[PDB]
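What follows is a set of notes on a single structure, which appears directly below.
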Amino acid sequence: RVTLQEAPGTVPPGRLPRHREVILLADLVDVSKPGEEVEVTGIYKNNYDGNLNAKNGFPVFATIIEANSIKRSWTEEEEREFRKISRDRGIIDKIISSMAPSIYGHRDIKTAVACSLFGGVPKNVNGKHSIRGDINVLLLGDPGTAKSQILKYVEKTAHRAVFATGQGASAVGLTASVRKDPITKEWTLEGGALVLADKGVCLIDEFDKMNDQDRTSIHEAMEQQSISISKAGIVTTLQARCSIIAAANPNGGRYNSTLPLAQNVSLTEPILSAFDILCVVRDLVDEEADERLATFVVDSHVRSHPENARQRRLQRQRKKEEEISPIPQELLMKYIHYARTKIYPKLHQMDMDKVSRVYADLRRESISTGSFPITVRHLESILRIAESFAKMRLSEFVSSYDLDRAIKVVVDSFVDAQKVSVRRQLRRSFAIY
Amino acid sequence: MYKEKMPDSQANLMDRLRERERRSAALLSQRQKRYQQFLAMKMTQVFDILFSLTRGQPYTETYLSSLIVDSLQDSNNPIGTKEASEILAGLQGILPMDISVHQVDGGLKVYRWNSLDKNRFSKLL
Amino acid sequence: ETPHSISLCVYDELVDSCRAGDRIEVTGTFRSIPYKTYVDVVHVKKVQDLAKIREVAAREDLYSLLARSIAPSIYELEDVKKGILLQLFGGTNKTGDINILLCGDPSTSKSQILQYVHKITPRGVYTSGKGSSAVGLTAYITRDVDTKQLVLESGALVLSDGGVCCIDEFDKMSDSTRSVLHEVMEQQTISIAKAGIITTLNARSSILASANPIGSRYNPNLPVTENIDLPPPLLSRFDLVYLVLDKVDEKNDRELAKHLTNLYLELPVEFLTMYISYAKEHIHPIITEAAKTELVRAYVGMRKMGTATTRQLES
Amino acid sequence: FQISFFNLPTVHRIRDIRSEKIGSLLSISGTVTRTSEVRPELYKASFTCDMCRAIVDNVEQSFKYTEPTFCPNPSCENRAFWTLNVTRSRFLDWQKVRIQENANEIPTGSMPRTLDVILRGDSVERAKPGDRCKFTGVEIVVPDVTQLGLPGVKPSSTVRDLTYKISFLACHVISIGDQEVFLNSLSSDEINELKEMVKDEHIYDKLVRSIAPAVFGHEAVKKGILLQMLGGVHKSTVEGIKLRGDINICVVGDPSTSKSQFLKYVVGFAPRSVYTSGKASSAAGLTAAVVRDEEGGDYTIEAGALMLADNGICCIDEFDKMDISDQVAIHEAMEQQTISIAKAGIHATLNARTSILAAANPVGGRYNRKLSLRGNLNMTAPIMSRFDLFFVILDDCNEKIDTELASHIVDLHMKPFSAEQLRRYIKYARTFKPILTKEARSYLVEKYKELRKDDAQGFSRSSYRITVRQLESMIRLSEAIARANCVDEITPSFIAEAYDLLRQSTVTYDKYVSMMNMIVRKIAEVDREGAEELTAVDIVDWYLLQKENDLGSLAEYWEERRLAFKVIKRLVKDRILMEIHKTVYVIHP
Amino acid sequence: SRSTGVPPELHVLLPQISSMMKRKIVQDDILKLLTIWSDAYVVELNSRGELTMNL
Ligand SMILES: Nc1ncnc2c1ncn2[C@@H]1O[C@H](COP(=O)(O)OP(=O)(O)O)[C@@H](O)[C@H]1O
Ligand SMILES: Nc1ncnc2c1ncn2[C@@H]1O[C@H](COP(=O)(O)OP(=O)(O)O)[C@@H](O)[C@H]1O
Ligand SMILES: Nc1ncnc2c1ncn2[C@@H]1O[C@H](COP(=O)(O)OP(=O)(O)O)[C@@H](O)[C@H]1O
Ligand SMILES: [Zn+2]
């Protein structure tokens with residue numbers, strides 16, 4: 001017996017996710033596991049007659065689906081469009097400039113959002129451990145700067161997005177819960193938010209405000225990509241392969257520019273290491289940036305102001321999408337999905353020198369200046385984002401151009417998180433990168 | 001956004017304020033006249049409140065007034081408690097045949113409306 | 001009735017007459033069915049010595065006699081007598097409560113007066129600092145497990161609605177317990193917002209409080225506000241704060257000694273309560289035009305010496 | 001096949017649910033507190049005989065599990081034995097809703113009642129927790145066993161017990177909270193009352209004074225409250241981004257400056273408002289509660305303070321007393337207007353379109369004027385930025401102020417628009433959605449630069465009070481200010497008004513300065529344009545011309561004319577306008 | 001599955017057809033079938049602005 005729940009990204013506001021009970025018969029058992037997205041064909045009927053009738057006045061029943069067959073998709077006419085754009089000039093710049101069209105600047109975040117949407121390539125060596133392909137982003141900044149609005153844009157554009165908040169969530173509400181079942185009389189387990197976002201993205205707004213017990217579960221979720229629980233006599237493990245985008249605030253509500261990131265937030269260092277991209281946004285006043293930002297915002301509000309007719313409205317909306325973004329949004333949604341599903345770009349050993357030499361050069365400067373030691377996980381992060389950049393072009397092999405941009409993003413984040421005295425020294429040492 | 005530099009009427013502006021003074025009371029009177037008509041016409045949609053689901057004479061004016069304000073509270077044009085009193089009392093004046101008012105403890109009681117041809121009386125004003 | 005309580009049955013047009021927290025006078029029939037004693041309520045109420053009063057009304061030593069009569073076991077303290085008497089008279093609620101704090105060295109008549117007040121006022125409550133909690137003065141509102149209605153299990157500030165609540169060790173009140181006084185003292189309401197419950201109560205009452213000085217004894221070297229452990233927002237609400245100081249002058253010590261020593265060898269309270277109960281029932285004074293100006297000038301002069309918040313003007 | 005009535009002229013409160021009305025049609029109003037998941041309910045069943053193969057159809061149940069009493073065929077003698085059919089029978093949707101009495105229904109300080117409503121058919125899922133729904137239907141009695149054990153003689157039938165409790169069966173569900181739609185629902189006379197309240201020159205000034213008319217002074221807050229209750233325009237971005245349109249306000253001041261009076265005014269005036277205070281509030285009670293639901297083995301969301309305050313104003317007193325652990329829960333509703341819940345399997349997002357009006361006191365209980373605005377307050381940047389208006393008010397020993405203050409506070413003990421007239425205005429004004437004019441964008445970026453300049457710290461570039469949220473606030477406040485009048489085009493003037501209110505954080509002072517800004521710009525205009533020179537008398541005559549309509553009578557003319565020269569002399573007294581020798585006035589350096 | 005003879009709109013039919021064809025079918029494809037046999041289907045337009053076809 002299995003329950004089917006609405007699609008995470010399609011629930012209308014103000015309603016809990018509708019769900020139904022489904023009846024599975026022999027030879028159709030173990031077809032799916034919790035967190036899977038499946039399509040099932042069956043018969044829709046009422047079957048709770050009997051003991052419920054005399055149990056109470058005005059008795060009620062429930063609707064179930066008798067699973068006859070369950071299943072877990074593109075056309076060439078659509079690929080005629082995807083292949084064309086894939087080889088266009090500046091494909092990576094069109095993608096990044098189309099992330100959050102009505103948000104000014106913050107291009108180091110927009111490139112981080114873009115890479116997290118496409119993701120990398122997971123690997124599982126037999127008889128050894130696996131490697132995750134999901135890209136982890138941490139957004140730390142002063143009040144303002146639209147860190148939360150970014151997570152609201154990721155929610156709508158991504159395929160399967162699960163949104164959470166640090167204080168509004170609980171340890172049970174993330175990992176798993178327990179339900180009774182009279183049919184078999186053993187305890188049954190129902191998954192939380194992390195289980196839903198399997199092969200998807202998990203958004204944790206205000207990541208700092210949750211307690212360490214709630215935060216400990218998130219850490220082991222990104223590391224193991226699975227949920228381990230021993231409650232009510234149930235010991236089992238579920239798949240939790242999800243990408244995380246987190247927004248937070250510094251201590252005191254303002255970022256201390258003269259102290260490292262590891263001393264601006266209560267988030268402990270082992271949890272910080274689980275992120276691939278660490279964006280540190282400052283809000284420092286300057287008439288150069290303020291006139292540009294304000295004139296963008298004052299146009300954003302005058303744009304989004306409310307006020308074959310359907311086709312006319314879609315055409316007008318398309319016109320406004322073009323006016324602020326290079327790529328229409330619904331096409332990009334399809335474009336990202338095809339890249340995620342079809343493209344699995346592979347490495348060339350010709351680029352081994354380009355990767356290893358930069359790493360050794362970056363390691364040499366770590367002991368030279370700065371307190372943050374460069375770790376192998378940084379190199380693991382470089383390959384992942386390198387694969388994601390290749391996945392943007394729909395090319396099956398990693399090119400040298402993708403690696404250069406992949407090196408730029410990781411090095412820039414590592415440099416920008418250092419204190420001011422160390423920050424200026426490292427910017428000159430990595431002017432080439 | 002500005003106004004006239006030097007109007008030709010310079011000393012006559014004293015007559016201008018005198019003319020405003022001459023009809024200051026008339027404007028306030030029309031404010032009074034209009035506001036009662038706001039209650040004088042609203043009572044048409046009020047005798048349907050009592051006629052529909054009210055069933056005895058022991059209903060007092062305090063209980064009725066709280067009912068009237070709650071029925072029109074959700075509408076686009078809500079009405080206050082003290083306004084409902086002039087509404088409920090307005091009904092008896094135009095309907096002296098089916099509702100009578102008598103006092104106990106200083107409060108008012110409403111006699112059982114025998115609602116009949118309710119709509120015809122409002123047109124005689 | 002008392003903290004006991006018994007169940008009542010109500011029928012017909014007597015519904016919509018009682019809500020939780022109300023005070024009722026009941027005339028009904030006592031029943032018993034198997035043991036279950038209850039009242040078939042038959043009615044519900046929710047709301048010669050006149051010349052003798054006049055003979056005292058027009059006398060000349062009226063104020064001194066009333067002030068002296070309240071505490072025959074306590075010497076002098078004329079100003080303390082008047083204000084606490086004025087606490088029992090109260091203001092005049094209109095379409096009123098007066099609160100007093102006693103600050104003084106821990107040997108001067110503080111406890112005895114408060115004991116008298118709650119034993120001379122109807123349904124007064126005696127409270128202390130550590131003897132109460134945040135839900136001690138505040139009624140514990142909860143929701144019924146079978147009828148799902150909102151019910152209240154009474155409280156110190158709810159029991160004494162319209163009466164006087166005596167609080168000893170008012171300084172040693174916990175900060176959480178002290179915090180909820182602000183709404184009670186100024187708005188006479190207790191709003192509670194918890195899981196599933198959102199409602200506000202009424203706790204209209206008068207507060208009589210006694211506070212020991214900071215440390216051991218009053219120190220004139222520190223300012224007055226540093227000898228009181230109350231923040232200004234709370235300290236502004238009290239209508240009267242009495243600084244009771246213990247001197248060493250025999251010209252008043254010996255007279256006090258005689259008053260104490262004359263009491264352990266071998267108007268009355270009935271007149272006093274009859275007097276008080278009459279005044280609260282029939283007397284509704286109205287401030288005159290001439291008396292208006294005095295209130296204005298007194299506050300302006302008091303403000304001009306610059307803690308003269310407007311809470312003292314209504315006092 | 002179902003029938004649904006609606007549009008009953010009278011709405012009966014929860015306290016009007018009495019047994020004398022069982023079986024009649026009535027309409028009630030009550031805030032929804034819980035909702036249960038829908039289930040199919042047996043409407044018309046069918047059975048097949050056991051002794052023989054006869055079949056019985058059209059077996060109406062009527063609120064109880066009714067089996068057929070006889071086999072219709074005389075060839076069979078079966079009785080009280082039947083087999084329930086699951087195919088020829090018909091089922092219908094059914095849902096239970098727990099509703100609660102509104103705040104405005106019951107007297108202040110009294111407890112609100114509760115009642116359970118039943119929904120069938122298409123009416124299901126139309127009730128959302130926190131909605132101020134209105135139901136239409138009939139009153140029924142259902143079997144009940146909780147009445148046992150109560151005192152009093154219990155009726156019996158013969159033996160069987162027949163206790164009952166009252167429930168409401170609703171056949172229709174509506175949720176109640178654009179100018180042409182709104183205008184079509186009102187008669188001519190409602191228009192005329194509403195039209196005349198708009199078509200007046202000083203309408204903005206009058207509505208500021210009408211807020212809490214018994215409270216003296218604080219014109220800064222009386223402007224703030226009016227704007228918060230009007231609210232702004234909610235916008236959604238094409239890329240899928242939602243723009244908040246509600247205004248948040250905070251007030252801090254002396255323990256004797258009336259601020260709890262304002263909160264008591266709003267909760268007694270706002271159509272949907274909730275009062276709470278400091279330590280008495282909790283995280284679960286404010287936003288929403290996760291609680292075991294009836295009729296099943298699952299959970300449900302029970303509406304918190306904010307959810308009841310949707311499309312309204314939530315008032316909090318003693319905000320600085322609120323614990324940090326529960327101040328956090330307000331954050332998401334203040335900016336995103338949404339509540340995120342992930343606990344016990346209730347993963348959902350709820351509308352939280354609420355405007356917060358908080359009140360608090362300085363850290364030491366008194367404004368220590370020796371320190372700056374930073375030392376006086378314990379609030380931090382994350383929460384301070386979210387308030388479009390942030391007032392700190394002071395009281396000091398001014399002699400004339402106290403005489404006026406004492407005069408008013410005593411008249412209360414001795415004894416321009418009525419409160420009803422405001423609710424007939426705000427409902428109409430809230431339908432307007434202003435649009436920024438092109439030059440207003442140019443002027444807005446000018447002022448945002450100016451505010452960002454002032455808020456800039458002396459050494460570090462980081463600001464503390466003015467952020468990007470405040471730039472939206474300027475539009476959001478300007479929307480509400482324009483929304484108070486009959487224009488959908490934001491003028492530069494309304495940007496200045498929001499600029500003043502956000503930056504602020506004998507002759508009357510206001511009249512003096514108002515005269516100054518009028519005359520000073522007049523001289524600078526003619527000087528920069530090189531017009532002919534004018535004398536002091538001509539300046540006085542010019543100013544009186546500008547305020548022709550504010551003069552109630554020609555008697556007031558002489559007083560204002562006499563008042564004007566005092567303003568001029570004050571400017572010359574401190575050399576604000578230099579005399580050149582009849583004299584000509586030129587701006588001083 | 002419809003209690004009435006009103007045909008469903010094309011914007012529902014085409015997605016259902018496209019999955020069966022293992023290939024996306026668009027509006028212009030229907031006009032090809034109509035050209036070959038005029039009386040193949042009824043082509044009355046719905047008042048909602050959506051094309052319909054029926055037996
Ligand atoms: N860099 C930016 N560019 C344009 N608008 C911004 C920017 N930062 C913030 N905003 C405005 O501020 C709002 C976002 O505020 P918020 O989500 O509360 O930020 P955070 O949650 O990171 O403090 C949006 O409505 C947006 O219009
Ligand atoms: N002015 C006074 N009149 C009468 N008795 C007094 C006076 N001052 C002190 N006393 C006596 O001193 C004792 C002090 O006790 P009490 O006032 O009850 O508590 P505390 O010792 O805390 O002040 C009392 O028993 C009282 O008899
Ligand atoms: N401008 C005013 N007009 C009238 N009354 C005032 C004014 N300012 C203060 N008051 C009086 O002072 C009291 C202020 O109490 P308040 O400051 O609300 O206490 P808290 O600081 O605990 O909320 C009110 O009861 C009010 O009657
Ligand atoms: Zn038979």
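Labels for the structure tokens follow display order: chains A, B, ..., residues from 1 in each chain, ligands from 1.
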For this session: Around ligand 4, at most 6 Å away and counting only C-alpha atoms and all ligand atoms, which residues are there? Put them as a VMD selection string, please.
Result: chain D and resid 49 51 to 52 54 71 76 78
Residues from last step as file, N, CA, C and O atoms, as a PDB file, in the first residue's frame:
```
ATOM      1  N   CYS D  49     -30.593  -8.657  -0.890  1.00  0.00           N
ATOM      2  CA  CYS D  49     -31.060  -9.560   0.152  1.00  0.00           C
ATOM      3  C   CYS D  49     -30.103 -10.733   0.329  1.00  0.00           C
ATOM      4  O   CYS D  49     -29.315 -11.066  -0.560  1.00  0.00           O
ATOM      5  N   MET D  51     -31.329 -13.955   2.089  1.00  0.00           N
ATOM      6  CA  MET D  51     -32.095 -15.177   1.865  1.00  0.00           C
ATOM      7  C   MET D  51     -32.388 -15.391   0.387  1.00  0.00           C
ATOM      8  O   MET D  51     -32.300 -16.522  -0.105  1.00  0.00           O
ATOM      9  N   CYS D  52     -32.737 -14.327  -0.333  1.00  0.00           N
ATOM     10  CA  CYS D  52     -32.954 -14.390  -1.769  1.00  0.00           C
ATOM     11  C   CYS D  52     -32.071 -13.345  -2.436  1.00  0.00           C
ATOM     12  O   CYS D  52     -31.325 -12.619  -1.775  1.00  0.00           O
ATOM     13  N   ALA D  54     -33.022 -10.644  -4.078  1.00  0.00           N
ATOM     14  CA  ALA D  54     -33.689  -9.376  -4.312  1.00  0.00           C
ATOM     15  C   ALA D  54     -32.730  -8.218  -4.049  1.00  0.00           C
ATOM     16  O   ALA D  54     -31.747  -8.342  -3.313  1.00  0.00           O
ATOM     17  N   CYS D  71     -37.862  -7.194   3.185  1.00  0.00           N
ATOM     18  CA  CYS D  71     -37.623  -7.638   1.818  1.00  0.00           C
ATOM     19  C   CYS D  71     -38.863  -7.362   0.975  1.00  0.00           C
ATOM     20  O   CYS D  71     -39.959  -7.805   1.332  1.00  0.00           O
ATOM     21  N   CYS D  76     -40.067 -13.920   0.121  1.00  0.00           N
ATOM     22  CA  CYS D  76     -38.955 -13.966   1.058  1.00  0.00           C
ATOM     23  C   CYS D  76     -39.365 -13.294   2.357  1.00  0.00           C
ATOM     24  O   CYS D  76     -40.131 -12.326   2.352  1.00  0.00           O
ATOM     25  N   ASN D  78     -36.987 -12.250   4.756  1.00  0.00           N
ATOM     26  CA  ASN D  78     -35.769 -11.725   5.360  1.00  0.00           C
ATOM     27  C   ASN D  78     -36.029 -10.394   6.054  1.00  0.00           C
ATOM     28  O   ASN D  78     -36.824  -9.573   5.588  1.00  0.00           O
TER      29      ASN D  78
END
```
Those in stretch 113-316 of chain D with helix (DSSP H, G or I) from DSSP, as an mmCIF file with C-alpha atoms, in the first residue's frame:
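Here's the written file part-v3.cif:
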```cif
data_model
loop_
_atom_site.group_PDB
_atom_site.id
_atom_site.type_symbol
_atom_site.label_atom_id
_atom_site.label_comp_id
_atom_site.auth_asym_id
_atom_site.auth_seq_id
_atom_site.Cartn_x
_atom_site.Cartn_y
_atom_site.Cartn_z
ATOM 1 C CA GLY D 121 -20.452 18.629 -2.326
ATOM 2 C CA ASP D 122 -18.699 21.441 -4.169
ATOM 3 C CA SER D 123 -18.547 23.539 -0.986
ATOM 4 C CA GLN D 179 -13.081 50.345 -8.855
ATOM 5 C CA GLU D 180 -15.860 49.708 -11.379
ATOM 6 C CA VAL D 181 -16.759 46.423 -9.672
ATOM 7 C CA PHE D 182 -16.844 48.166 -6.286
ATOM 8 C CA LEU D 183 -18.877 51.133 -7.542
ATOM 9 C CA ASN D 184 -21.503 48.802 -9.024
ATOM 10 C CA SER D 188 -26.502 56.474 -5.502
ATOM 11 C CA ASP D 189 -26.764 57.756 -1.921
ATOM 12 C CA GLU D 190 -23.801 55.697 -0.708
ATOM 13 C CA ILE D 191 -21.860 57.194 -3.619
ATOM 14 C CA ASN D 192 -22.874 60.752 -2.717
ATOM 15 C CA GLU D 193 -21.725 60.345 0.888
ATOM 16 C CA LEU D 194 -18.502 58.746 -0.347
ATOM 17 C CA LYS D 195 -18.018 61.174 -3.254
ATOM 18 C CA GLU D 196 -18.250 64.261 -1.035
ATOM 19 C CA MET D 197 -15.721 62.768 1.390
ATOM 20 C CA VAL D 198 -13.183 62.577 -1.448
ATOM 21 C CA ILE D 203 -9.063 65.675 2.950
ATOM 22 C CA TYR D 204 -5.579 64.419 3.835
ATOM 23 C CA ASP D 205 -5.274 66.819 6.775
ATOM 24 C CA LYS D 206 -8.710 65.957 8.174
ATOM 25 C CA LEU D 207 -8.125 62.197 8.124
ATOM 26 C CA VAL D 208 -4.897 62.565 10.114
ATOM 27 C CA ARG D 209 -6.740 64.374 12.908
ATOM 28 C CA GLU D 219 0.608 64.089 14.381
ATOM 29 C CA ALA D 220 3.550 61.990 13.170
ATOM 30 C CA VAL D 221 1.860 58.756 14.250
ATOM 31 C CA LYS D 222 -1.627 59.824 13.134
ATOM 32 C CA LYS D 223 -0.185 60.138 9.635
ATOM 33 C CA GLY D 224 1.550 56.777 9.998
ATOM 34 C CA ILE D 225 -1.515 54.836 11.132
ATOM 35 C CA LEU D 226 -3.644 56.186 8.279
ATOM 36 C CA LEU D 227 -1.056 55.070 5.719
ATOM 37 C CA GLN D 228 -0.599 51.604 7.231
ATOM 38 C CA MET D 229 -4.347 50.955 7.202
ATOM 39 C CA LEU D 230 -4.585 52.043 3.559
ATOM 40 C CA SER D 260 -0.902 51.645 24.182
ATOM 41 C CA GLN D 261 -3.839 53.962 23.467
ATOM 42 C CA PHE D 262 -3.045 53.820 19.746
ATOM 43 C CA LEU D 263 -2.948 50.012 19.744
ATOM 44 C CA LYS D 264 -6.267 49.837 21.595
ATOM 45 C CA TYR D 265 -7.670 52.224 18.984
ATOM 46 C CA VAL D 266 -6.544 50.110 16.027
ATOM 47 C CA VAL D 267 -7.745 46.748 17.343
ATOM 48 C CA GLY D 278 4.996 41.090 24.994
ATOM 49 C CA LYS D 279 5.591 38.063 27.214
ATOM 50 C CA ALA D 280 1.962 36.935 26.878
ATOM 51 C CA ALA D 283 5.621 31.672 18.521
ATOM 52 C CA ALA D 284 2.841 29.159 17.848
ATOM 53 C CA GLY D 285 0.057 31.539 18.870
ATOM 54 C CA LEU D 286 1.194 34.289 16.513
ATOM 55 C CA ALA D 305 -2.732 35.655 15.559
ATOM 56 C CA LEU D 306 -1.315 36.728 12.194
ATOM 57 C CA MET D 307 -3.562 34.440 10.137
ATOM 58 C CA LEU D 308 -6.657 35.932 11.773
#
```
List all protein, DNA and RNA residues that have any atom at most 6 Å from ligand 3, counting only C-alpha atoms and all ligand atoms, and write the list as an mmCIF file with N, CA, C and O atoms, in the first residue's frame.
```
data_model
loop_
_atom_site.group_PDB
_atom_site.id
_atom_site.type_symbol
_atom_site.label_atom_id
_atom_site.label_comp_id
_atom_site.auth_asym_id
_atom_site.auth_seq_id
_atom_site.Cartn_x
_atom_site.Cartn_y
_atom_site.Cartn_z
ATOM 1 N N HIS C 182 1.858 45.842 33.982
ATOM 2 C CA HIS C 182 1.670 47.085 33.239
ATOM 3 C C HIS C 182 0.285 47.154 32.608
ATOM 4 O O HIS C 182 -0.431 48.150 32.762
ATOM 5 N N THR C 310 2.573 61.980 33.329
ATOM 6 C CA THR C 310 1.151 62.299 33.381
ATOM 7 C C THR C 310 0.352 61.275 34.178
ATOM 8 O O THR C 310 -0.807 61.540 34.515
ATOM 9 N N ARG C 311 0.938 60.113 34.484
ATOM 10 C CA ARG C 311 0.246 59.153 35.338
ATOM 11 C C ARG C 311 0.030 59.704 36.739
ATOM 12 O O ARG C 311 -0.878 59.258 37.447
ATOM 13 N N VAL D 215 -6.836 61.478 21.622
ATOM 14 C CA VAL D 215 -5.411 61.510 21.927
ATOM 15 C C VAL D 215 -4.837 62.828 21.426
ATOM 16 O O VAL D 215 -5.105 63.242 20.291
ATOM 17 N N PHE D 216 -4.050 63.489 22.271
ATOM 18 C CA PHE D 216 -3.495 64.799 21.960
ATOM 19 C C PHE D 216 -2.109 64.680 21.341
ATOM 20 O O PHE D 216 -1.277 63.887 21.793
ATOM 21 N N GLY D 217 -1.869 65.478 20.303
ATOM 22 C CA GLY D 217 -0.571 65.558 19.659
ATOM 23 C C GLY D 217 -0.241 64.320 18.847
ATOM 24 O O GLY D 217 -1.120 63.581 18.390
ATOM 25 N N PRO D 255 7.455 56.228 28.836
ATOM 26 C CA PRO D 255 6.426 55.358 29.423
ATOM 27 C C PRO D 255 5.094 56.049 29.662
ATOM 28 O O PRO D 255 4.091 55.384 29.940
ATOM 29 N N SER D 256 5.065 57.375 29.554
ATOM 30 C CA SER D 256 3.823 58.116 29.721
ATOM 31 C C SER D 256 3.266 58.676 28.424
ATOM 32 O O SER D 256 2.115 59.124 28.420
ATOM 33 N N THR D 257 4.027 58.679 27.334
ATOM 34 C CA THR D 257 3.486 59.049 26.035
ATOM 35 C C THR D 257 2.534 57.959 25.564
ATOM 36 O O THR D 257 2.911 56.784 25.502
ATOM 37 N N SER D 258 1.304 58.347 25.229
ATOM 38 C CA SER D 258 0.264 57.372 24.930
ATOM 39 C C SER D 258 0.605 56.586 23.675
ATOM 40 O O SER D 258 0.513 57.110 22.560
ATOM 41 N N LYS D 259 0.996 55.335 23.848
ATOM 42 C CA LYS D 259 1.241 54.429 22.737
ATOM 43 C C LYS D 259 0.408 53.164 22.823
ATOM 44 O O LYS D 259 0.073 52.579 21.791
ATOM 45 N N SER D 260 0.061 52.728 24.037
ATOM 46 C CA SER D 260 -0.902 51.645 24.182
ATOM 47 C C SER D 260 -2.309 52.115 23.844
ATOM 48 O O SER D 260 -3.180 51.292 23.545
ATOM 49 N N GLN D 261 -2.551 53.427 23.897
ATOM 50 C CA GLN D 261 -3.839 53.962 23.467
ATOM 51 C C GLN D 261 -4.028 53.797 21.965
ATOM 52 O O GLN D 261 -5.136 53.507 21.498
ATOM 53 N N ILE D 409 -6.294 66.318 29.080
ATOM 54 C CA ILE D 409 -6.446 65.094 29.860
ATOM 55 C C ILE D 409 -7.425 65.243 31.013
ATOM 56 O O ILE D 409 -7.921 64.236 31.527
#
```
Exercise. What lies within 12 Å of stretch 128-131 of chain A using only C-alpha atoms, ignoring chain neighbours under 2 positions off, as a list in words?
Worked result: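 After dropping sequence-adjacent residues, the list is residues 120, 121, 122, 123, 124, 125, 126, 133, 134, 135, 222, 223, 224, 225, 226, 241, 377, 380, 381, 383 and 384 of chain A.
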For this session: Hey, list the chain E side of the contact with chain A: 8 Å cut-off, only C-alpha atoms, answer as a list in words.
Result: residues 22, 23, 24 and 49 of chain E
Write the selection just made, keeping N, CA, C and O atoms, as a PDB file, in the first residue's frame?
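The result, written out as out-v1.pdb:
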```
ATOM      1  N   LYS E  22       4.368   9.194 -29.737  1.00  0.00           N
ATOM      2  CA  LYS E  22       5.782   9.335 -29.383  1.00  0.00           C
ATOM      3  C   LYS E  22       6.415  10.524 -30.096  1.00  0.00           C
ATOM      4  O   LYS E  22       7.624  10.539 -30.352  1.00  0.00           O
ATOM      5  N   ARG E  23       5.599  11.527 -30.416  1.00  0.00           N
ATOM      6  CA  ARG E  23       6.029  12.686 -31.185  1.00  0.00           C
ATOM      7  C   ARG E  23       5.008  13.803 -31.028  1.00  0.00           C
ATOM      8  O   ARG E  23       3.799  13.555 -31.091  1.00  0.00           O
ATOM      9  N   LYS E  24       5.478  15.029 -30.817  1.00  0.00           N
ATOM     10  CA  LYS E  24       4.572  16.142 -30.568  1.00  0.00           C
ATOM     11  C   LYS E  24       3.738  16.440 -31.806  1.00  0.00           C
ATOM     12  O   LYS E  24       4.265  16.543 -32.918  1.00  0.00           O
ATOM     13  N   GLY E  49     -12.644  30.169 -27.510  1.00  0.00           N
ATOM     14  CA  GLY E  49     -11.489  30.428 -28.345  1.00  0.00           C
ATOM     15  C   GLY E  49     -10.575  29.244 -28.545  1.00  0.00           C
ATOM     16  O   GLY E  49      -9.419  29.432 -28.942  1.00  0.00           O
TER      17      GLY E  49
END
```
Exercise. Which residues in stretch 48-138 of chain C does DSSP call strand (DSSP E or B)? List them as a ChimeraX atom specification.
Worked result: /C:100-104,125-127
For this session: Hey, list the chain D side of the contact with chain B: 9 Å cut-off, only C-alpha atoms, answer as a ChimeraX atom specification.
Result: /D:8-13,24-26,29,104-105,176-177,182,185-186,189-190,192-193,271,419-421,423-424,427-428,541-542,545-546,548-549,551-555,557
For this session: Kindly provide, as an MDAnalysis selection string, all nucleotide and amino acid residues lying within 12 Å of ligand 2, counting only C-alpha atoms and all ligand atoms.
Result: chainID C and resid 68 71:78 80:81 102:116 168:169 210:213 216:217 244:247 252:264
Problem set entry | Neighbour list for stretch 357-369 of chain A as a ChimeraX atom specification, cut-off 12 Å, only C-alpha atoms, skip fewer than 5 positions in-chain | /A:351-352,374-383,403-404,406-408,410-412,414-415,418-419,421-430,432-433
